[PDB]
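This report concerns only the one structure given below.
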2 protein chains.
Amino acid sequence: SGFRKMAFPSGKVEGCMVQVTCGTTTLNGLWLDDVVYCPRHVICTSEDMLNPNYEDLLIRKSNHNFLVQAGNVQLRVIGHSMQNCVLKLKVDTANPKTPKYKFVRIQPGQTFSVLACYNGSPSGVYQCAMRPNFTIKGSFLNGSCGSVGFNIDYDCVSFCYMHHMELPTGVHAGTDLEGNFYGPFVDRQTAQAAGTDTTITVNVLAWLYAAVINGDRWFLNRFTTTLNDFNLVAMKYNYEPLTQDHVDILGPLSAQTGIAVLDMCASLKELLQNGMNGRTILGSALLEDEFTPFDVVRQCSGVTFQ
Amino acid sequence: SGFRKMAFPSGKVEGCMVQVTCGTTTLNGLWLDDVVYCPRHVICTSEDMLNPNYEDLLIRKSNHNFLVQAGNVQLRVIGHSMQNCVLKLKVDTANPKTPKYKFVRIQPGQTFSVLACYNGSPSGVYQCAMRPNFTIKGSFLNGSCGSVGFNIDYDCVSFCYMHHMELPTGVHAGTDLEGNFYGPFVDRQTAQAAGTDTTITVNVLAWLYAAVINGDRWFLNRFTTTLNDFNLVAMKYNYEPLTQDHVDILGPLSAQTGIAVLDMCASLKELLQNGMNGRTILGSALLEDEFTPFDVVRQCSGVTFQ
Ligand SMILES: *[C@@](O)(c1nc2cc(F)ccc2s1)[C@H](C[C@@H]1CCNC1=O)NC(=O)[C@@H]1[C@@H]2[C@H](CN1C(=O)[C@@H](NC(=O)C(F)(F)F)C(C)(C)C)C2(C)C
Ligand SMILES: *[C@@](O)(c1nc2cc(F)ccc2s1)[C@H](C[C@@H]1CCNC1=O)NC(=O)[C@@H]1[C@@H]2[C@H](CN1C(=O)[C@@H](NC(=O)C(F)(F)F)C(C)(C)C)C2(C)C
């Protein structure tokens, strides 16, 4: 038992990180086969990013303006292409440490691991969720751009995020590995707002199930409720509406605990309406919404990868 | 900014994990140079662990009773030695993926990363602290024994923990890489209590500093206090006493924020005495004590390793 925010093992991604320099700007890139991916604003300078014309900027730029280093070793760039908000640099050496991999665009409420990197070197790894408003609550300093977020499916790495920016509220925004932002963000230094965040209801439920599984059951009450009625209370607290797809996704946890989703919902309604009363659930004094059902299933079944 | 429980990148340890089998018992071992380390109770069976005589058990045991696998590849064991609560199996192949490494016995209040493993394969990585009472609050299922805890200093891996058991309170216990338990625990299935846990005061302060650094400063009051007076309140809440060594260790954070440790202490005293009032600090509704000053320094400066 016990319950921790767990990240995937980062070994397979660590071998893919490199440093990309264009003039004085340095950030991280991702080296897969003979291609390096990084944010296109590597080609901008720190003090003129208010509203870049990326096309014009990129036009002063040749293959040789791009310094790519993997550890000590410099790579030769033989080709460059802009794709949405990402630059792709063709290099002359396939990464010998390339994992099996794909590129996926994740959905709001899914989780993934971030390998936070500086100057192309790994600093740390943590787990994050794509919020409903397509931000993440990461931990990212200057130099972190180009750090990636991923999942591991057995031996396969699914890359889903590349870091680009921090928004005024101190949350973070970025793209998929095709260069397309999650959310309405753009890669210029301008005031940009995320909308209202909402709680990922299905995640909160999974976490309530994990609680039960771990023996923490104080909050289970003696009521049940309806989807419709639950959803009336959900909406008022800025919880995402629960659908029957959510109910069915929780099926394993439901089955494993013997507690029907709508019972667990009733418990949740009371926690929403009366707060925790200074108690904790799995050591937390707030309702956690950054574990998917899938996450909970695996931390309570021991899923492995390498 | 932002503030996350961050683990070290796990790549260098992932290449060291193997599966160790003795009869029907399987757990994880750590393969460094030509030696595999694992818990000695790999030689016991699931249902007779009430009070093993490890010496007698080990005596029915020969090199060939030990099945060591690294992925598909079986390793040949040419020698075995019991050291305290660990078994050391000499193998005929040096791990080609051995990192630079040392073995350290950590102190209560230090943090480290855990690579939780099953059947010799990595499942996940998270950060943990050695509690004052020498437990950890991990996330560990059946099969997790032999998973290790570590730090990275630049390119060097310092192994500090090997997992052994879960205690009745749902916390976890284990040894250093020499086989010596942290705390008064022993490797038999018997009711065993950890004493009272205490909060790691210096960590809570570092986390208050991280809060300030991130712009979350609501809790800063207009008082100061004395070590002595602070310590009077500390003791009543089961906080570890703060010493001048602690004060001096917080020096970087102190200097970087302009807030003297004893001011921050005064703020902490009020939080202890009046609670948070339903507010949060770095998104938490409790006082976090699992980040060292060192941890905070690095998540707020971008320390890298590979
Ligand atoms: C990342 O590492 C990058 N740094 C640089 C430096 C250059 F010189 C060129 C290109 C890049 S990308 C930055 C990561 C953030 C630093 C602080 N926390 C981080 O996550 N990303 C940026 O600095 C990013 C780039 C320009 C302005 N950025 C921002 O993140 C800024 N935010 C915003 O303007 C907004 F809209 F509020 F989000 C800011 C104020 C620096 C935090 C661009 C968006 C291209
Ligand atoms: C680990 O993976 C191991 N499993 C086995 C299985 C065998 F057949 C032989 C040896 C081993 S070591 C176990 C990890 C725990 C399982 C549940 N959560 C875990 O962290 N470790 C043990 O099962 C451990 C070993 C015997 C009894 N152990 C306990 O952890 C038990 N706790 C206690 O008895 C005490 F004192 F309360 F702590 C228990 C009740 C199974 C959780 C020994 C201590 C050698």
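Starting from 1 in every chain, residues are counted up; chains themselves are A, B, ... following the order of the structure tokens, and ligands are numbered from 1 as listed.
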Ligand 2 neighbours within 9 Å using only C-alpha atoms and all ligand atoms, as a PyMOL selection string: (chain A and resi 1-2) or (chain B and resi 24-28+39-52+118+138-147+163-173+185-193)
Sel. of alpha helix (DSSP H) residues, stretch 28-251 of chain A, as a ChimeraX atom specification: /A:54-59,201-213,227-236,244-249,251
Written file, previous selection with N, CA and C atoms, as a compact mmCIF listing (two decimals), in the first residue's frame:
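selection_14.txt was written with the following content:
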# COMPACT_ATOMS: atom_id res chain seq x y z
N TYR A 54 8.15 34.41 -37.06
CA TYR A 54 9.02 33.26 -37.01
C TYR A 54 9.54 32.95 -38.40
N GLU A 55 8.70 33.11 -39.42
CA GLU A 55 9.08 32.90 -40.81
C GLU A 55 10.25 33.81 -41.19
N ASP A 56 10.12 35.11 -40.94
CA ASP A 56 11.21 36.04 -41.26
C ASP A 56 12.50 35.75 -40.51
N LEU A 57 12.35 35.39 -39.23
CA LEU A 57 13.50 35.10 -38.39
C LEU A 57 14.21 33.89 -38.93
N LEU A 58 13.41 32.90 -39.30
CA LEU A 58 13.97 31.62 -39.67
C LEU A 58 14.75 31.75 -40.98
N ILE A 59 14.42 32.78 -41.75
CA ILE A 59 15.00 33.00 -43.07
C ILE A 59 16.42 33.52 -43.02
N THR A 201 -13.15 15.18 -12.34
CA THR A 201 -13.98 14.40 -11.42
C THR A 201 -13.60 12.91 -11.43
N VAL A 202 -13.53 12.29 -12.59
CA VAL A 202 -13.20 10.90 -12.67
C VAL A 202 -11.89 10.59 -11.96
N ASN A 203 -10.92 11.53 -11.97
CA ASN A 203 -9.66 11.29 -11.29
C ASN A 203 -9.90 11.31 -9.78
N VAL A 204 -10.71 12.27 -9.32
CA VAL A 204 -10.90 12.38 -7.88
C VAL A 204 -11.50 11.05 -7.39
N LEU A 205 -12.41 10.49 -8.20
CA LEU A 205 -13.05 9.24 -7.82
C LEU A 205 -12.03 8.12 -7.75
N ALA A 206 -11.14 8.04 -8.77
CA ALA A 206 -10.14 6.99 -8.75
C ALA A 206 -9.30 7.06 -7.46
N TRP A 207 -9.02 8.29 -7.04
CA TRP A 207 -8.19 8.53 -5.88
C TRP A 207 -8.94 8.15 -4.62
N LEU A 208 -10.26 8.38 -4.58
CA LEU A 208 -11.10 7.88 -3.50
C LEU A 208 -11.07 6.38 -3.48
N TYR A 209 -11.11 5.74 -4.64
CA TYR A 209 -10.98 4.29 -4.66
C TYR A 209 -9.63 3.81 -4.11
N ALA A 210 -8.52 4.48 -4.49
CA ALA A 210 -7.19 4.12 -4.02
C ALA A 210 -7.19 4.21 -2.50
N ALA A 211 -7.88 5.23 -1.96
CA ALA A 211 -7.98 5.47 -0.53
C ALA A 211 -8.60 4.26 0.15
N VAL A 212 -9.74 3.87 -0.38
CA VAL A 212 -10.47 2.71 0.12
C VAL A 212 -9.56 1.50 0.05
N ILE A 213 -8.92 1.31 -1.10
CA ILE A 213 -8.09 0.14 -1.25
C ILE A 213 -7.01 0.13 -0.17
N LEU A 227 -26.42 10.19 -11.38
CA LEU A 227 -25.53 10.90 -12.28
C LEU A 227 -25.94 12.37 -12.37
N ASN A 228 -27.25 12.56 -12.64
CA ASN A 228 -27.87 13.85 -12.87
C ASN A 228 -27.69 14.74 -11.64
N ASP A 229 -27.97 14.16 -10.47
CA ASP A 229 -27.95 14.92 -9.23
C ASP A 229 -26.52 15.25 -8.82
N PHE A 230 -25.65 14.24 -8.89
CA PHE A 230 -24.21 14.43 -8.73
C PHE A 230 -23.71 15.58 -9.62
N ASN A 231 -24.03 15.49 -10.91
CA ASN A 231 -23.64 16.49 -11.87
C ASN A 231 -24.16 17.87 -11.51
N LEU A 232 -25.28 18.00 -10.77
CA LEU A 232 -25.77 19.32 -10.37
C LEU A 232 -24.83 19.95 -9.36
N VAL A 233 -24.37 19.14 -8.41
CA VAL A 233 -23.39 19.58 -7.45
C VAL A 233 -22.01 19.73 -8.10
N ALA A 234 -21.60 18.78 -8.94
CA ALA A 234 -20.33 18.90 -9.63
C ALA A 234 -20.21 20.32 -10.20
N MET A 235 -21.16 20.69 -11.09
CA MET A 235 -21.11 21.94 -11.84
C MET A 235 -20.86 23.11 -10.91
N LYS A 236 -21.41 23.07 -9.70
CA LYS A 236 -21.35 24.25 -8.85
C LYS A 236 -19.93 24.40 -8.31
N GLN A 244 -21.29 8.29 -18.34
CA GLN A 244 -21.29 6.85 -18.17
C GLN A 244 -19.95 6.24 -18.64
N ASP A 245 -19.27 6.83 -19.63
CA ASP A 245 -17.92 6.42 -19.99
C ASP A 245 -16.99 6.46 -18.79
N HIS A 246 -17.09 7.52 -18.01
CA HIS A 246 -16.32 7.62 -16.77
C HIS A 246 -16.70 6.49 -15.82
N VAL A 247 -18.02 6.30 -15.62
CA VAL A 247 -18.50 5.23 -14.77
C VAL A 247 -17.88 3.90 -15.22
N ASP A 248 -17.81 3.67 -16.52
CA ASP A 248 -17.40 2.36 -17.00
C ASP A 248 -15.91 2.23 -16.86
N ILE A 249 -15.20 3.35 -16.95
CA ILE A 249 -13.74 3.35 -16.85
C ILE A 249 -13.34 3.01 -15.42
N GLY A 251 -14.90 0.98 -13.57
CA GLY A 251 -15.34 -0.39 -13.41
C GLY A 251 -14.36 -1.29 -12.66
In stretch 121-272 of chain B, DSSP strand (DSSP E or B) residues written as a ChimeraX atom specification: /B:121-129,136,148-153,156-166,172-175,181,199,239
Within 8 Å of chain B, which residues of chain A come that close, and what is the closest atom pair and distance in Å for each? Count only C-alpha atoms and give it as a tab-separated table.
residue	atom	partner	partner_atom	distance
A:1	CA	B:140	CA	5.8
A:2	CA	B:139	CA	4.5
A:3	CA	B:139	CA	5.3
A:4	CA	B:139	CA	6.0
A:5	CA	B:126	CA	6.8
A:6	CA	B:126	CA	5.2
A:7	CA	B:125	CA	5.3
A:8	CA	B:124	CA	4.7
A:9	CA	B:124	CA	5.4
A:10	CA	B:10	CA	5.6
A:11	CA	B:11	CA	3.5
A:12	CA	B:11	CA	7.1
A:14	CA	B:11	CA	6.8
A:115	CA	B:9	CA	7.5
A:117	CA	B:304	CA	7.3
A:118	CA	B:304	CA	6.6
A:121	CA	B:306	CA	5.0
A:122	CA	B:304	CA	5.7
A:123	CA	B:304	CA	4.2
A:124	CA	B:8	CA	4.7
A:125	CA	B:7	CA	5.3
A:126	CA	B:6	CA	5.2
A:137	CA	B:2	CA	6.8
A:138	CA	B:2	CA	5.8
A:139	CA	B:2	CA	4.5
A:140	CA	B:1	CA	5.8
A:141	CA	B:1	CA	5.9
A:170	CA	B:2	CA	6.4
A:171	CA	B:2	CA	7.2
A:284	CA	B:286	CA	7.7
A:285	CA	B:285	CA	5.6
A:286	CA	B:285	CA	6.7
A:299	CA	B:139	CA	7.7
A:300	CA	B:141	CA	7.4
A:301	CA	B:141	CA	7.6
A:302	CA	B:123	CA	6.7
A:303	CA	B:123	CA	5.9
A:304	CA	B:123	CA	4.2
A:305	CA	B:122	CA	6.2
A:306	CA	B:121	CA	5.0
Long-range neighbours of residue A:225 as an MDAnalysis selection string, 9 Å cut-off, only C-alpha atoms, 4 positions minimum in chain: chainID A and resid 229:230 262:263 265:266 269
Non-local contacts of residue A:77 (6 Å; only C-alpha atoms; under 5 positions in same chain excluded) as a PyMOL selection string: chain A and resi 63+90-91
Gap from atom CA of residue A:157 to atom CA of residue A:99 - Å, one decimal: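 Distance reported for this atom pair: 6.9 Å.
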Top pick for closest residue to ligand 1, considering A:35, A:194, A:16, A:130 and counting only C-alpha atoms and all ligand atoms: A:194
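Taking atom CA of residue B:29 and atom CA of residue A:296 as the two end points, the separation is 25.7 Å.
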Which residue of A:84, A:267, A:238, A:273 approaches residue A:222 most closely, using only C-alpha atoms: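 That would be A:267, the residue with the smallest distance to residue A:222.
Counting only C-alpha atoms, residue A:66 has the following residues at most 8 Å away, ignoring those fewer than 2 positions along the same chain: residues 20, 21, 22, 62, 63, 64, 68 and 77 of chain A.
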For those residues, write N, CA and C atoms to a file as a PDB file, in the first residue's frame.
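Wrote it out as again-v9.pdb, contents follow:
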ATOM      1  N   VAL A  20      20.447  22.524 -27.736  1.00  0.00           N
ATOM      2  CA  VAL A  20      20.341  23.203 -29.015  1.00  0.00           C
ATOM      3  C   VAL A  20      20.587  24.676 -28.749  1.00  0.00           C
ATOM      4  N   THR A  21      21.557  25.220 -29.504  1.00  0.00           N
ATOM      5  CA  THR A  21      21.981  26.599 -29.417  1.00  0.00           C
ATOM      6  C   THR A  21      21.866  27.273 -30.801  1.00  0.00           C
ATOM      7  N   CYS A  22      21.335  28.489 -30.759  1.00  0.00           N
ATOM      8  CA  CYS A  22      21.203  29.406 -31.876  1.00  0.00           C
ATOM      9  C   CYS A  22      21.559  30.766 -31.314  1.00  0.00           C
ATOM     10  N   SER A  62      20.621  29.411 -41.303  1.00  0.00           N
ATOM     11  CA  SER A  62      21.114  28.280 -42.095  1.00  0.00           C
ATOM     12  C   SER A  62      21.436  27.117 -41.162  1.00  0.00           C
ATOM     13  N   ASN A  63      21.567  25.925 -41.766  1.00  0.00           N
ATOM     14  CA  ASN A  63      21.883  24.698 -41.047  1.00  0.00           C
ATOM     15  C   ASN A  63      23.019  24.931 -40.054  1.00  0.00           C
ATOM     16  N   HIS A  64      24.028  25.694 -40.459  1.00  0.00           N
ATOM     17  CA  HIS A  64      25.228  25.820 -39.650  1.00  0.00           C
ATOM     18  C   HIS A  64      25.018  26.816 -38.504  1.00  0.00           C
ATOM     19  N   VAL A  68      24.090  21.781 -32.142  1.00  0.00           N
ATOM     20  CA  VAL A  68      23.459  20.692 -31.434  1.00  0.00           C
ATOM     21  C   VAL A  68      24.550  19.863 -30.753  1.00  0.00           C
ATOM     22  N   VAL A  77      24.081  19.406 -38.437  1.00  0.00           N
ATOM     23  CA  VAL A  77      22.739  19.633 -38.936  1.00  0.00           C
ATOM     24  C   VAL A  77      22.814  19.781 -40.456  1.00  0.00           C
TER      25      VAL A  77
END
Nearest to residue B:268, chosen from B:182, B:237, B:291, B:101, with only C-alpha atoms counted in the distances: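 Of B:182, B:237, B:291, B:101, the one nearest residue B:268, counting only C-alpha atoms, is B:237.
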